[PDB]
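Here's the structure, in structure tokens; my notes come after.
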Amino acid sequence: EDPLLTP
Amino acid sequence: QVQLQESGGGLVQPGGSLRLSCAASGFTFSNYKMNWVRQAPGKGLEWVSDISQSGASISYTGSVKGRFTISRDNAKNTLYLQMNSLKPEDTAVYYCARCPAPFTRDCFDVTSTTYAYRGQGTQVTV
Amino acid sequence: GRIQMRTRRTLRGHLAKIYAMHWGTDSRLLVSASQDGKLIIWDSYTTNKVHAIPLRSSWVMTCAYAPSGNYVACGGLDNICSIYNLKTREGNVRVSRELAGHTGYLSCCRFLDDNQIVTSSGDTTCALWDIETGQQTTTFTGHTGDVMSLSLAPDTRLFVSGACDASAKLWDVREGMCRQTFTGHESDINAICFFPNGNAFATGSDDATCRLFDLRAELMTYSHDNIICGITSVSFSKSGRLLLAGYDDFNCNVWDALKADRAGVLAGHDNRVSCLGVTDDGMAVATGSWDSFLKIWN
Amino acid sequence: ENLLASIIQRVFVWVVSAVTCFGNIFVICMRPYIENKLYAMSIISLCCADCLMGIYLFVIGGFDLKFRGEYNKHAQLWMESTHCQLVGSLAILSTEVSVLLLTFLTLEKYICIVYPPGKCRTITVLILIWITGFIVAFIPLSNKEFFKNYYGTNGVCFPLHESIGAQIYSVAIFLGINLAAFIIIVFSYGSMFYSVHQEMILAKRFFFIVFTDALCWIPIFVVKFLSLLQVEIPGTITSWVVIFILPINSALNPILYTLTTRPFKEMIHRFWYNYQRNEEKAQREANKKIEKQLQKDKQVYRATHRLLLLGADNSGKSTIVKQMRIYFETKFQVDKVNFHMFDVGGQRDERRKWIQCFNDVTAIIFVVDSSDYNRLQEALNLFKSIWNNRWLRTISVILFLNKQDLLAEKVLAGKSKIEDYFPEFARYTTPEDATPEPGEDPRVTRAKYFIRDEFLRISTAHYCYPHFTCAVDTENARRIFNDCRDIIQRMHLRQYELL
């Protein structure tokens with residue numbers, strides 16, 4: 001749920 | 001919690017001597033340019049002395065230039081105002097001021113109130 | 001380890017120094033306010049303007065997008081958080097209401113619902129207004145320093161506020177008293193943002209140091225010897241594991257909320273990074289600086 | 001026996017080709033990292049022309065090394081081969097395009113400086129310049145029969161030095177439009193220098209640019225003048241002319257406009273620090289309407305100029321706005337220029353964090369009383385804070401010493417001691433550059449230039465413009481307008497890699 005940290 | 005404590009005081013005869021110690025607690029004393037301010041009865045606030053971070057640059061107001069001087073005891077993280085031969089008219093509460101921003105020279109320490117970086121102060125009666 | 005995200009979109013529509021932005025609830029339709037008195041709504045995906053509201057004040061300091069998306073807030077030194085309705089039956093956007101009850105600049109005013117909005121003013125106060133009546137519903141005093149920022153909790157039952165007092169305090173929306181006092185900063189606070197869990201809030205001051213406070217109380221610090229320059233805007237990711245602070249090194253610095261290390265540097269801006277924003281779903285980061293660019297980072 | 005018989009010719013051909021290619025590669029790599037987008041893309045186009053000239057030098061070197069010692073047999077073949085007039089066209093295209101782009105850039109700088117154009121217009125003029133270069137370089141090539149291999153006259157294939165059908169074209173391109181381009185460049189920089197002075201680094205930089213242009217193109221004018229004057233000059237002399245002095249631009253423009261400028265050093269320091277379809281068409285129409293609305297808005301917003309107002313509570317801060325209301329916010333017009341003077345003072349006296357939102361402002365007008373000496377010290381403190389502030393370090397401050405009459409009669413009365421609040425006045429002498437003002441005592445001048453002195457000493461320890469004003473004179477608007485014009489000049493020079 002973290003598109004910034006991981007694609 | 002930025003804390004500024006003023007130590008040293010007592011009524012002094014005109015032309016006398018005294019010491020004013022500004023102890024700073026909660027923050028590093030070195031990074032900030034420092035000022036001595038005083039509030040006289042019936043008068044507004046006016047910072048009277050400023051000293052830079054390393055002590056290289058020191059400036060005084062005219063009522064302070066010839067009378068008494070300032071110094072930084074950075075090891076003791078404190079400010080010394082060496083009161084020497086003050087005119088009897090300058091009976092006032094002596095506040096200590098830390099400039100708002102670090103690593104800079106811009107300072108606005110003459111706020112009427114709500115300036116968080118000034119101590120309670122001590123009343124010097126000369 | 002490393003977070004190397006670049007300018008995936010560039011939004012060159014703005015023609016003056018961008019001061020504040022705010023994402024919408026649907027992770028699109030950026031609201032962006034600039035020094036030309038212009039308040040522009042963008043579609044993030046296709047990079048197209050749909051609304052350009054002419055503001056009364058050129059030097060607007062804050063803008064806000066309502067959670068419903070029908071209203072947009074404008075605020076500055078003019079002591080007004082003007083509310084503008086977008087969905088107009090006539091088809092033309094027009095001003096809706098004005099809230100003038102302060103003597104200090106509204107540095108930030110963010111919505112809770114379509115009707116009530118909280119404002120943080122420059123005369124050492126905050127205020128919850130209801131725009132249906134026009135009266136200042138609740139007043140919040142207790143800060144002895146110029147209030148500069150506020151953040152709204154996800155449940156909107158608390159809102160935290162940071163002032164020039166080097167302290168950040170909560171306020172209840174309804175009752176209006178400060179339960180917890182946090183004074184661990186060193187210089188003037190310039191930005192604040194709730195952690196996504198709502199149990200914590202990060203605060204960026206002008207002492208070149210960020211501090212994350214947790215309400216169970218200084219809880220966490222983010223600083224380095226090399227950085228000697230302050231913080232303008234602080235934002236959190238969706239999961240909260242990542243933080244972005246708009247340092248005035250002319251580029252953003254991305255920190256880790258839990259490790260307090262150098263996660264990355266978002267360079268590409270020419271001036272002070274005025275405002276930062278992260279989507280509800282954590283998809284995109286919108287950065288607004290004085291180079292008149294909305295830089296999108298993914 | 002050799003195309004470049006002298007070893008000096010070959011070694012400097014290789015050296016200057018390498019220098020040109022490296023400089024233009026560095027310009028391409030470094031230009032996007034550094035104000036104005038149109039200027040940047042014009043610099044890219046100039047770099048493209050320069051590296052095309054470098055490629056021409058490289059291919060001439062390659063052809064020379066192809067036939068080393070056997071060039072005599074292959075001489076007429078290269079005389080008639082398409083390669084010679086092809087590389088001649090390429091060299092002429094590079095020179096003409098670079099010259100035209102330089103003229104366009106310098107004229108843009110002139111029209112932005114002496115008299116203080118959009119992406120579409122920039123693209124249009126740039127592509128038109130490139131197409132003009134193509135046409136000029138290819139008209140001899142297109143009409144091959146009539147032009148009798150115009151490009152291939154000399155062995156270098158650059159036709160600087162044959163019958164009437166070639167000399168007319170040669171003097172039409174070099175004596176015709178390149179000399180006019182030189183006239184434009186030198187006149188433009190002369191006008192810019194005259195407008196700036198009426199500091200020293202600007203004159204030096206302008207001298208370097210005009211010296212490079214002269215050293216490259218005034219010998220071309222000289223040799224074309226002698227050739228047109230029936231003065232005998234053998235083709236080896238113009239061979240040296242093409243080899244040495246022609247590529248000067250292709251070597252120096254990459255390092256002049258890009259490497260020797262201040263934003264280049266700023267970028268270096270920054271690097272060191274770092275190291276369904278109907279809906280779409282409706283949205284397109286809305287974008288077009290909003291884009292033209294923002295075009296008008298940008299014209300309006302650059303038409304106006306912000307002017308911050310600052311001072312003390314007892315100072316004549318509000319009376320300045322009240323005076324030009326007769327002539328918070330106040331919009332006025334001076335010489336058809338719209339100015340936006342606002343005195344935000346209804347808020348609290350604390351001003352450290354709302355002063356950060358006035359950094360695009362052209363000038364901060366610090367108007368303060370001249371009579372109250374405690375307020376004078378407060379003014380010194382506030383001016384020190386403004387000057388030493390990070391965001392006000394790029395903002396010009398217009399210093400106004402209001403209530404000069406109050407100070408004049410206050411020192412004539414002699415009620416208050418200046419030395420008690422400022423002892424240095426006991427050991428101060430009036431400046432030699434003091435303005436001659438008859439009818440007033442030297443004490444007034446001494447005290448007034450004295451307060452100017454602590455203001456300016458703090459300022460020198462953006463630029464400060466000190467002035468004396470009162471509530472009577474209404475001319476202060478004109479002086480503020482002149483100071484604003486000066487700030488326009490300095491920051492426009494900043495945008496164009498000069499200052």
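In the structure tokens, chains take the letters A, B, ... in the order shown, each chain's residues start at 1, and ligands count up from 1 in the order shown.
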Legend entry - 10 Å contact set for range 20-23 of chain C, only C-alpha atoms, chain neighbours under 4 positions out, as a VMD selection string: chain C and resid 27 to 35 39 to 42 44 60 to 67 72 74 107 to 108 110 233 273 to 280 284 to 289 294
Pull out every residue of chain D that has at least one atom within 9 Å of chain C, counting only C-alpha atoms, and report them as a PDB file with N, CA and C atoms, in the first residue's frame.
ATOM      1  N   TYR D  33      20.769  21.802 -16.890  1.00  0.00           N
ATOM      2  CA  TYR D  33      20.968  21.892 -15.450  1.00  0.00           C
ATOM      3  C   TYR D  33      20.889  23.321 -14.930  1.00  0.00           C
ATOM      4  N   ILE D  34      20.975  24.320 -15.804  1.00  0.00           N
ATOM      5  CA  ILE D  34      20.874  25.713 -15.384  1.00  0.00           C
ATOM      6  C   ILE D  34      19.622  26.347 -15.977  1.00  0.00           C
ATOM      7  N   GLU D  35      16.649  29.863 -15.443  1.00  0.00           N
ATOM      8  CA  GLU D  35      16.222  31.254 -15.535  1.00  0.00           C
ATOM      9  C   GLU D  35      15.190  31.443 -16.642  1.00  0.00           C
ATOM     10  N   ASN D 274      25.477  18.356  -3.867  1.00  0.00           N
ATOM     11  CA  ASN D 274      24.769  17.096  -4.066  1.00  0.00           C
ATOM     12  C   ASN D 274      25.712  15.905  -3.948  1.00  0.00           C
ATOM     13  N   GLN D 283     -12.233  18.817 -22.815  1.00  0.00           N
ATOM     14  CA  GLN D 283     -11.117  19.179 -21.949  1.00  0.00           C
ATOM     15  C   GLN D 283     -10.027  19.901 -22.730  1.00  0.00           C
ATOM     16  N   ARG D 284      -9.802  19.504 -23.983  1.00  0.00           N
ATOM     17  CA  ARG D 284      -8.823  20.200 -24.814  1.00  0.00           C
ATOM     18  C   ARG D 284      -9.259  21.633 -25.102  1.00  0.00           C
ATOM     19  N   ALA D 286     -11.283  23.428 -23.209  1.00  0.00           N
ATOM     20  CA  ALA D 286     -11.149  24.128 -21.937  1.00  0.00           C
ATOM     21  C   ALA D 286      -9.695  24.473 -21.651  1.00  0.00           C
ATOM     22  N   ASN D 287      -8.775  23.565 -21.980  1.00  0.00           N
ATOM     23  CA  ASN D 287      -7.352  23.841 -21.825  1.00  0.00           C
ATOM     24  C   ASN D 287      -6.898  24.977 -22.723  1.00  0.00           C
ATOM     25  N   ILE D 290      -8.273  28.168 -21.111  1.00  0.00           N
ATOM     26  CA  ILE D 290      -7.540  28.453 -19.885  1.00  0.00           C
ATOM     27  C   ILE D 290      -6.112  28.879 -20.204  1.00  0.00           C
ATOM     28  N   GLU D 291      -5.521  28.318 -21.257  1.00  0.00           N
ATOM     29  CA  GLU D 291      -4.163  28.689 -21.634  1.00  0.00           C
ATOM     30  C   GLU D 291      -4.104  30.118 -22.154  1.00  0.00           C
ATOM     31  N   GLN D 293      -6.271  32.408 -21.275  1.00  0.00           N
ATOM     32  CA  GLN D 293      -6.536  33.182 -20.067  1.00  0.00           C
ATOM     33  C   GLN D 293      -5.268  33.360 -19.244  1.00  0.00           C
ATOM     34  N   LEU D 294      -4.465  32.301 -19.124  1.00  0.00           N
ATOM     35  CA  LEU D 294      -3.207  32.386 -18.391  1.00  0.00           C
ATOM     36  C   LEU D 294      -2.153  33.169 -19.158  1.00  0.00           C
ATOM     37  N   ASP D 297      -3.153  36.544 -18.168  1.00  0.00           N
ATOM     38  CA  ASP D 297      -2.806  36.685 -16.759  1.00  0.00           C
ATOM     39  C   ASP D 297      -1.308  36.866 -16.558  1.00  0.00           C
ATOM     40  N   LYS D 298      -0.482  36.163 -17.335  1.00  0.00           N
ATOM     41  CA  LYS D 298       0.963  36.321 -17.224  1.00  0.00           C
ATOM     42  C   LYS D 298       1.402  37.694 -17.707  1.00  0.00           C
ATOM     43  N   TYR D 301       0.457  39.999 -14.896  1.00  0.00           N
ATOM     44  CA  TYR D 301       1.205  39.833 -13.655  1.00  0.00           C
ATOM     45  C   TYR D 301       2.629  40.364 -13.796  1.00  0.00           C
ATOM     46  N   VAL D 344       1.454  46.363   4.849  1.00  0.00           N
ATOM     47  CA  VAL D 344       0.849  45.429   5.792  1.00  0.00           C
ATOM     48  C   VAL D 344       1.393  45.714   7.195  1.00  0.00           C
ATOM     49  N   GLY D 346      -1.318  46.094   9.918  1.00  0.00           N
ATOM     50  CA  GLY D 346      -2.426  45.864  10.827  1.00  0.00           C
ATOM     51  C   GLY D 346      -2.266  44.625  11.681  1.00  0.00           C
ATOM     52  N   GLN D 347      -1.234  43.830  11.419  1.00  0.00           N
ATOM     53  CA  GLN D 347      -0.996  42.587  12.137  1.00  0.00           C
ATOM     54  C   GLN D 347      -0.121  42.850  13.360  1.00  0.00           C
ATOM     55  N   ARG D 348       0.379  41.777  13.965  1.00  0.00           N
ATOM     56  CA  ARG D 348       1.278  41.899  15.098  1.00  0.00           C
ATOM     57  C   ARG D 348       2.637  42.434  14.648  1.00  0.00           C
ATOM     58  N   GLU D 350       5.473  41.158  15.296  1.00  0.00           N
ATOM     59  CA  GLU D 350       6.331  40.056  14.879  1.00  0.00           C
ATOM     60  C   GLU D 350       6.309  39.914  13.362  1.00  0.00           C
ATOM     61  N   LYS D 353       8.381  35.657   9.967  1.00  0.00           N
ATOM     62  CA  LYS D 353       7.908  34.567   9.124  1.00  0.00           C
ATOM     63  C   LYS D 353       6.883  34.964   8.075  1.00  0.00           C
ATOM     64  N   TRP D 354       6.193  36.089   8.223  1.00  0.00           N
ATOM     65  CA  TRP D 354       5.380  36.564   7.113  1.00  0.00           C
ATOM     66  C   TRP D 354       6.159  37.469   6.176  1.00  0.00           C
ATOM     67  N   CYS D 357       7.213  35.744   2.656  1.00  0.00           N
ATOM     68  CA  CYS D 357       6.274  35.661   1.546  1.00  0.00           C
ATOM     69  C   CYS D 357       6.291  36.904   0.668  1.00  0.00           C
ATOM     70  N   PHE D 358       7.403  37.632   0.637  1.00  0.00           N
ATOM     71  CA  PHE D 358       7.540  38.803  -0.221  1.00  0.00           C
ATOM     72  C   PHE D 358       8.888  38.789  -0.921  1.00  0.00           C
ATOM     73  N   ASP D 360       9.554  37.587  -4.189  1.00  0.00           N
ATOM     74  CA  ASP D 360       9.496  37.968  -5.593  1.00  0.00           C
ATOM     75  C   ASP D 360       9.278  39.466  -5.749  1.00  0.00           C
TER      76      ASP D 360
END
Legend entry - Top pick for closest residue to chain B, considering C:236, C:171, C:182, C:297 and counting only C-alpha atoms: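 Residue with the minimum atom-to-atom distance to chain B: C:182.
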How close does chain A get to chain C? List, as a tab-separated table, each residue of chain A within 6 Å, its nearest atom pair and the distance in Å to one decimal, counting only C-alpha atoms.
residue	atom	partner	partner_atom	distance
A:2	CA	C:282	CA	5.8
A:3	CA	C:283	CA	5.3
A:4	CA	C:298	CA	5.9
Kindly assemble as JSON lines a list of the chain B residues that lie within 7 Å of chain C, each paired with its nearest atom pair and their distance in Å to one decimal, using only C-alpha atoms, sorted first by chain and then by ascending residue number.
{"residue": "B:1", "atom": "CA", "partner": "C:183", "partner_atom": "CA", "distance": 4.8}
{"residue": "B:2", "atom": "CA", "partner": "C:186", "partner_atom": "CA", "distance": 6.4}
{"residue": "B:27", "atom": "CA", "partner": "C:186", "partner_atom": "CA", "distance": 6.2}
{"residue": "B:100", "atom": "CA", "partner": "C:187", "partner_atom": "CA", "distance": 6.0}
{"residue": "B:101", "atom": "CA", "partner": "C:206", "partner_atom": "CA", "distance": 6.4}
{"residue": "B:102", "atom": "CA", "partner": "C:207", "partner_atom": "CA", "distance": 6.1}
{"residue": "B:114", "atom": "CA", "partner": "C:144", "partner_atom": "CA", "distance": 4.9}
{"residue": "B:115", "atom": "CA", "partner": "C:145", "partner_atom": "CA", "distance": 6.6}
{"residue": "B:116", "atom": "CA", "partner": "C:165", "partner_atom": "CA", "distance": 5.4}
Inset, instruction - Kindly give the distance, in Å, that separates CA of residue 72 in chain B and CA of residue 57 in chain B, rounded to a single decimal. - result: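 We find that CA of residue 72 in chain B and CA of residue 57 in chain B lie 11.4 Å from each other.
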Inset, instruction - Determine which residues of chain B sit within 7 Å of chain D, taking into account only C-alpha atoms, and present them as a PyMOL selection string. - result: chain B and resi 62-63+105-108+111
Selected residues written out, C-alpha atoms, as a short mmCIF file (atom, residue, chain, number, x, y, z; two decimals), in the first residue's frame:
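The file below, result-v7.cif, is the result:
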data_model
loop_
_atom_site.label_atom_id
_atom_site.label_comp_id
_atom_site.auth_asym_id
_atom_site.auth_seq_id
_atom_site.Cartn_x
_atom_site.Cartn_y
_atom_site.Cartn_z
CA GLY B 62 25.24 53.98 22.22
CA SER B 63 24.14 53.83 25.86
CA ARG B 105 22.51 37.30 11.38
CA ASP B 106 18.89 38.42 10.90
CA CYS B 107 17.22 39.01 14.27
CA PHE B 108 13.84 40.43 15.36
CA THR B 111 8.65 42.07 19.87
#
Legend entry - Selection: 8 Å around residue 99 in chain C, only C-alpha atoms, excl. self and same-chain fewer than 4 positions, as a list in words: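 The residues satisfying every condition are residues 79, 80, 81, 82, 129, 131 and 134 of chain C.
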Quick one: write out the picked residues with C-alpha atoms as a CSV table (one decimal), in the first residue's frame?
chain,number,residue,atom,x,y,z
C,79,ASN,CA,-7.5,37.5,7.6
C,80,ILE,CA,-10.0,35.6,5.3
C,81,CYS,CA,-10.3,31.9,4.4
C,82,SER,CA,-12.5,32.4,1.4
C,129,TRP,CA,-15.8,28.1,11.5
C,131,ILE,CA,-19.6,28.5,6.7
C,134,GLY,CA,-20.6,32.8,9.1
Inset, instruction - Just the residues within 12 Å of residue 87 in chain B, please, counting only C-alpha atoms, with nothing from its chain fewer than 4 positions along; format it as an MDAnalysis selection string. - result: (chainID B and resid 12:17 63:64 66:68 83 91:92 124:126) or (chainID D and resid 420)
Just-selected residues, C-alpha atoms written as a CSV table (one decimal), in the first residue's frame:
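This is the output file again-v4.csv:
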chain,number,residue,atom,x,y,z
B,12,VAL,CA,23.8,49.4,42.6
B,13,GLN,CA,24.9,53.0,43.3
B,14,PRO,CA,25.4,55.1,40.1
B,15,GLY,CA,28.8,54.4,38.6
B,16,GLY,CA,28.9,50.9,40.1
B,17,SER,CA,29.6,47.5,38.8
B,63,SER,CA,24.1,53.8,25.9
B,64,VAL,CA,26.2,50.7,26.2
B,66,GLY,CA,31.3,53.4,26.5
B,67,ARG,CA,29.9,52.0,29.7
B,68,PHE,CA,29.8,48.2,29.8
B,83,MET,CA,27.9,46.0,34.1
B,91,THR,CA,17.1,51.3,36.1
B,92,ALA,CA,15.5,48.5,34.0
B,124,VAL,CA,18.8,46.3,37.9
B,125,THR,CA,18.3,49.5,40.0
B,126,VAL,CA,21.1,51.9,39.3
D,420,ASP,CA,24.3,59.8,24.4
Inset, instruction - Name the residues of range 15-252 of chain D that come out as alpha helix (DSSP H) in a backbone DSSP run; write them as an MDAnalysis selection string. - result: chainID D and resid 15:30 37:66 75:80 82:113 119:142 144:147 164:170 179:197 201:228 235:240 248:252
